[PDB]
Amino acid sequence: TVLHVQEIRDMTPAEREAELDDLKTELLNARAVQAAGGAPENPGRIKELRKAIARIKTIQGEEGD
Amino acid sequence: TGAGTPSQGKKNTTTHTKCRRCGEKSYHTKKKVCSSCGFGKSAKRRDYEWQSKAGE
Amino acid sequence: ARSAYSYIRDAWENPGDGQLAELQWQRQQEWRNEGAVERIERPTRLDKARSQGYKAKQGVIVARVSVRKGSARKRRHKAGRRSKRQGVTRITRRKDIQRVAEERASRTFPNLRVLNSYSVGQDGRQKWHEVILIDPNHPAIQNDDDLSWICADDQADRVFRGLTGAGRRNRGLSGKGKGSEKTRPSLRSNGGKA
Amino acid sequence: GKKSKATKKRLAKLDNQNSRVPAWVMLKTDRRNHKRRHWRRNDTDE
Amino acid sequence: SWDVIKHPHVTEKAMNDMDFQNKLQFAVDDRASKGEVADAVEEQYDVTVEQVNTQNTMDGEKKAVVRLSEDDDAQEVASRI
RNA sequence: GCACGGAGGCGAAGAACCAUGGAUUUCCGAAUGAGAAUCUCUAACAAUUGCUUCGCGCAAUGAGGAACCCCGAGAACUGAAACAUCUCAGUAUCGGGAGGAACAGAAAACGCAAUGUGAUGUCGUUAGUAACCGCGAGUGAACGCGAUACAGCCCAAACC
RNA sequence: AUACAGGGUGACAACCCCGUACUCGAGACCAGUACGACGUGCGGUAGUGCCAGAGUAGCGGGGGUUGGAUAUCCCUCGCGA
RNA sequence: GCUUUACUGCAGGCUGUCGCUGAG
Ligand SMILES: [Cl-]
Ligand SMILES: [Cl-]
Ligand SMILES: [K+]
Ligand SMILES: [Mg+2]
Ligand SMILES: [Mg+2]
Ligand SMILES: [Mg+2]
Ligand SMILES: [Mg+2]
Ligand SMILES: [Mg+2]
Ligand SMILES: [Mg+2]
Ligand SMILES: [Mg+2]
Ligand SMILES: [Mg+2]
Ligand SMILES: [Mg+2]
Ligand SMILES: [Mg+2]
Ligand code: NA
Ligand code: NA
Ligand code: NA
Ligand code: NA
Ligand code: NA
Ligand code: NA
Ligand code: NA
Ligand code: NA
Ligand code: NA
Ligand code: NA
Ligand code: NA
Ligand code: NA
Ligand SMILES: [Sr+2]
Ligand SMILES: [Sr+2]
Ligand SMILES: [Sr+2]
Ligand SMILES: [Sr+2]
Ligand SMILES: [Sr+2]
Ligand SMILES: [Sr+2]
Ligand SMILES: [Sr+2]
Ligand SMILES: [Sr+2]
Ligand SMILES: [Sr+2]
Ligand SMILES: [Sr+2]
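K.L.:
Can you walk me through the interface of chain A and chain E in this structure?
P.N.:
In this complex, chain A contributes eight residues to the contact, which on the side of chain E involves nine residues. Interface area for chain A against chain E, summed over the two sides, is near 640 Å², with a carbon-plus-sulfur share of 65%. Considering only the side of chain A, the residues that lose the most area to chain E are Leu28(A), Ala32(A) and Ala35(A), jointly responsible for 57% of the buried surface there. In this structure, the connection of chain A to chain E is made through one salt bridge. Residue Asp3(E) pairs with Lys24(A) through a salt bridge whose shortest N-O separation is 4.0 Å.

Structure representation (structure tokens):
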């Protein structure tokens, strides 16, 4: 959602990686909040983060990094 | 000592276990041979025409 | 004029006479000490080899194979049988020794395909045959007008299905008329009565 | 007994499968865990 | 490529280890070693790991008990996630 | 998604869904660095081969598939109102192997004997005929003919 | 209505919805086949005993198998143009 | 299933012969 394919392709290789580490973190912290039985969730994002990561990873392989 | 109930109490040996190759609990851990898929005995998979009716 | 080859041929019509006799007596001493399947750089019977399709080229291999002489090596019946199916001593197998030889050779060279084979004698307890095998994956052969045919997929493991010359003879396929009613096109399609 | 790491993973999985069909699946399908196993009444593999 | 840290293991026993022994507990990939758990933890929360004890759980996962140096404060770390 | 929930989210930046192509594709598995009940230990075409720059450098094999197909191994119950030859039957089952189909195949054929036919399968027929057989029970073709489809070539040697 | 096949829709539906007839498009198979074209070069006379596949053809002992009977096919031992 | 100088066969052992197998 929030992150589209165009935007991802417009990022430089170094940006995708930084963007990747960032997404992985938001996710890790979401799984932490979830593990802590945290309610301030947004079930949509925890799902979106996974897709976003798969997208960047797909784009990274497509562009050669 | 009877061959029935009293002799059943001595059974605590583990022989057949889940097979790495086929997933069936047929891997004889003492023989290291699967009685179901043949693992440990043959590269080819264990099979026989008598596992079904002759004309089928 | 006569080819030099005809002289090898002529020598082998009487392997028990002349110089060939002394050669065999000498050779066999060495053969008896070799394995079951020994690769050899050159055919012992050149004329025969070339005649069967051999060529001095990359991808062409020749191997001498030895097999025990005699009939079947069968185990007597452990369960009830009628007198007829109790035989053990005089029962022979349906494949000749040359065919058994071709198969062992082909097992030794899994990637090669049997082209043909011929006899190189025997002693009182075994027989030797040399087998010509071809590398269907070598370009020197993929480009040979006389041998590239053996590169086709359906030629894979041809020996194991009786597609060899020795195979075809042994299957009673020589005759095109009388006598081949139950051999052609296959022993199996004819109910195995040939 | 002594369980290997793998044996242990399988045992764990079996334990997890031994849970009930979530209540919401009931409403959604508008009306059983056929694989419910008991440690005593049943026998697992291996 | 599998990650080392799966998520914080938050339970009554975990908190005690956090308040009383300056230890953090994590659910981690069972292929990870004690050393790989230490490194990953230091890099993720910028802390110093002193010791790591592991256990392959009956949930099919690996649990790690990570003690931080006296320089760091578990209570404060875990409290920012 | 099956699946009619709750919450929340995605979609006009055209999602869902469908077709084609691509990406990702854990471990065990022929399973191939060594070992192991799907894990572990210290760079790997393990093993067998061909070629070879003689270095795993380049390659092949392995296992699977409903049956079909080809090559080998090969019963007994049963029938004969017993039973041994015979029968059941080259069946069941076993070993090996290929393909999309296999196998066969351009005559040292046939032998309606001819001034005739003209690679090979297969189908119909020839025919339960010829032949076999405690001449018992039973077993059982072919040439030809009508069809289907058609297709004919390459070596060895001579001479170079 | 070149559509009265079938299904769905709160009951017996050509005309409510999907379809159905007609027409049209793509993929797969036929097939890298047929056709076409490139190259090669068919055939005939006379002379010449230059060449033409051996444990073979064939025979005998022992087995199996076959409708194969003296006249099937094969294996095995021995002999052998 | 068992027995034996029941019927018929089959392994196995003994023995001759041929091949392996040559020179004087
Ligand atoms: Cl072969
Ligand atoms: Cl005719
Ligand atoms: K019988
Ligand atoms: Mg030529
Ligand atoms: Mg056929
Ligand atoms: Mg529980
Ligand atoms: Mg421990
Ligand atoms: Mg391994
Ligand atoms: Mg009877
Ligand atoms: Mg019979
Ligand atoms: Mg009678
Ligand atoms: Mg019959
Ligand atoms: Mg005839
Ligand atoms: Na081979
Ligand atoms: Na139990
Ligand atoms: Na978890
Ligand atoms: Na996939
Ligand atoms: Na390989
Ligand atoms: Na090498
Ligand atoms: Na009867
Ligand atoms: Na009787
Ligand atoms: Na009879
Ligand atoms: Na006629
Ligand atoms: Na026969
Ligand atoms: Na004979
Ligand atoms: Sr007693
Ligand atoms: Sr008792
Ligand atoms: Sr015991
Ligand atoms: Sr084994
Ligand atoms: Sr099988
Ligand atoms: Sr093969
Ligand atoms: Sr009990
Ligand atoms: Sr638990
Ligand atoms: Sr024709
Ligand atoms: Sr000829």
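K.L.:
So what exactly am I meant to see when it comes to the arrangement of the chains here?
P.N.:
Across the three pairs of chains that are in contact, the largest number of contacts falls between chains A and E. Nowhere do chain C and chain E come into contact; their C-alpha atoms are at least 38 Å apart.

K.L.:
What's the story with the protein's contact with RNA strand F in this structure? I'm lost.
P.N.:
RNA strand F sits among 91 residues. The nearest are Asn111(C), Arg171(C), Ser186(C), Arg188(C) and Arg10(D). In RNA strand F, the atoms that sit within 4 Å of the protein are 74% sugar and phosphate, with bases accounting for the remainder. Between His138(C) and RNA strand F, the recorded distance is 3.1 Å, taken from a side-chain N or O atom to a sugar or linking oxygen. Listing elements by their share of the surface near RNA strand F, those giving two or more residues are helix 1 (5-10) and helix 3 (43-63) of chain A, strand 1 (16-18) of chain B, helix 3 (46-52), helix 4 (97-108) and helix 6 (165-170) of chain C together with helix 1 (5-17) and helix 2 (23-28) of chain D. Of the residues contributing to the surface near RNA strand F, the split by class is 24 nonpolar, 26 polar and 41 charged.

K.L.:
I would appreciate a short explanation of the pairing of strand 2 (residues 25-28) of chain B in the present structure.
P.N.:
The side chains of a regular strand alternate between both faces of the sheet. Residue and element names in this part refer to chain B. As defined by bridge partners, strand 1 adjoins strand 2 across three bridges and the pair is classed as antiparallel. Directly across from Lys18, in strand 2, lies its bridge partner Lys25. Connecting strand 1 to the next strand, strand 2, in antiparallel fashion are six residues, including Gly23 with a positive phi near 85°. Both strand 2 and strand 3 (residues 33-34) contribute to a ladder of two bridges, which runs antiparallel. Within strand 3, the residue paired with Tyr27 across the bridge is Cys34. Hairpin connection between strand 2 and strand 3: a loop of four residues separates the two successive antiparallel strands, and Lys32 in this loop has a positive phi of roughly 60°.

K.L.:
What exactly am I supposed to notice about the side chain of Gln60(A) here?
P.N.:
Residue and element names in this part refer to chain A. Secondary-structure assignment places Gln60 in helix 3. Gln60 gets classed as buried once you look at its relative accessible area, which sits at 14%. When sequence neighbours within four positions are dropped, the list of residues in contact with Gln60 reads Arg16, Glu17, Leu20 and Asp65.

K.L.:
Can you help me understand the pattern of salt bridges in this one?
P.N.:
Pairs can form between side chains of opposite charge once their charged atoms are near each other. Residue and element names in this part refer to chain C. A complete count under the given rule lists 15 salt bridges over all chains for this structure. Among the salt bridges present, the one from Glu103 reaches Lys95, with a minimum N-O distance of 3.0 Å. On the accessibility criterion, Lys95 (39% relative accessible area) is partly exposed. One network of salt bridges, with partners in common, ties together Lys55, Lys57, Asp144 and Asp146.

K.L.:
Can you help me understand the protein's contact with RNA strand H in this one?
P.N.:
Residues and elements named next belong to chain C. Close to RNA strand H lie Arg76, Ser83, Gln86, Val88, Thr89, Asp123 and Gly124, which account for all nearby residues. For RNA strand H, the backbone portion of the atoms within 4 Å of the protein, that is sugar and phosphate, comes to 86%. In this structure, a phosphate oxygen belonging to RNA strand H sits 3.4 Å away from a main-chain N or O atom of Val88. At 3.0 Å, a backbone N or O of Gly124 approaches a sugar or linking oxygen of RNA strand H. Residue composition of the surface near RNA strand H, by class: one nonpolar, four polar and two charged.

K.L.:
Would you explain the layout of surface pockets in this entry?
P.N.:
It is a probe the size of a water molecule, rolled over the atoms, that shows where empty space is left. Reported here for the largest pocket is a volume of approximately 560 Å³. Taken together, 17 residues line the largest pocket, and the ones lying closest to its centre are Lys24(A), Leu28(A), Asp3(E), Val4(E) and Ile5(E). When grouped by side-chain class, the residues that make up the lining of the largest pocket number seven nonpolar, three polar and seven charged. Its volume calculated, the second largest pocket comes out at about 340 Å³. Around the second largest pocket, the lining is made up of 13 residues, and of these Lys18(B), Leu14(D), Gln17(D), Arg37(D) and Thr44(D) lie nearest the centre. With five residues, the top contributor of residues to the lining of the second largest pocket is helix 1 of chain D. The residue inventory of the lining of the second largest pocket, partitioned by class, reads one nonpolar, three polar and nine charged.

K.L.:
Teacher, can you tell me more about empty space enclosed by the protein here?
P.N.:
Estimates place the volume of the largest cavity at around 60 Å³. In terms of lining, the largest cavity is formed by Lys5(D), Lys8(D), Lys9(D), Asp30(E), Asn56(E), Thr57(E), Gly60(E) and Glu61(E). Grouping the constituent residues of the lining of the largest cavity by class yields no nonpolar, three polar and five charged. Quantified by volume, the second largest cavity comes out at close to 40 Å³. Around the second largest cavity sit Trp31(C), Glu34(C), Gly35(C), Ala36(C), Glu38(C), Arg64(C), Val65(C), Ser66(C) and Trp128(C), which together line it. Of the residues that constitute the lining of the second largest cavity, the class distribution is four nonpolar, two polar and three charged.

K.L.:
I keep staring at the interface of chain D and chain E and nothing clicks. Help me out?
P.N.:
It is common to report an interface's size as the accessible area lost on association of the parts. Taken together, the contacts link five residues of chain D with six residues of chain E. When chain D packs against chain E, close to 540 Å² is buried across both sides, 56% of that on carbon and sulfur atoms. The largest share of the area that chain D buries against chain E comes from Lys5(D), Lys8(D) and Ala12(D), three residues that together contribute 71% of it. Between the two partners, chain D and chain E, sit one salt bridge. Across the pair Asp30(E) and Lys9(D) runs a salt bridge, and its minimum N-O distance is 3.6 Å. If you look at where chain D meets chain E, you find two residue pairs in polar contact. Per-class residue counts for the side of chain D that touches chain E are two nonpolar, no polar and three charged.

The rules behind each value
Residues numbered from 1 in each chain as written, not as in the entry; some residues may be left out. Chains lettered and ligands numbered in written order. Part of a larger assembly, values for the part shown. Heavy atoms only, no water. Contact = heavy atoms within 4.5 Å. Buried area = accessible area lost by both parts, 1.4 Å probe. Salt bridge = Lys/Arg side-chain N within 4 Å of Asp/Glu carboxyl O. Near = heavy atom within 4 Å. Polar contact = N/O pair within 3.5 Å; in protein donor to acceptor, adjacent residues only side chain to side chain. Helix = DSSP H or I, 4+ residues; strand = E, 2+ residues; numbered from the N terminus. Nonpolar A, V, L, I, M, F, W, Y, C, P; charged D, E, K, R; others polar. Pairing = 2+ DSSP bridges. Buried < 20%, exposed > 50% of the residue type's maximum accessible area, 1.4 Å probe, protein only. 1 Å grid on protein atoms, 1.4 Å probe; cavity = no way out; pocket = protein on both sides within 12 Å on 5 of 7 lines; lining within 4 Å. Points joined across faces, edges and corners; volume = space filled by probe spheres on them.

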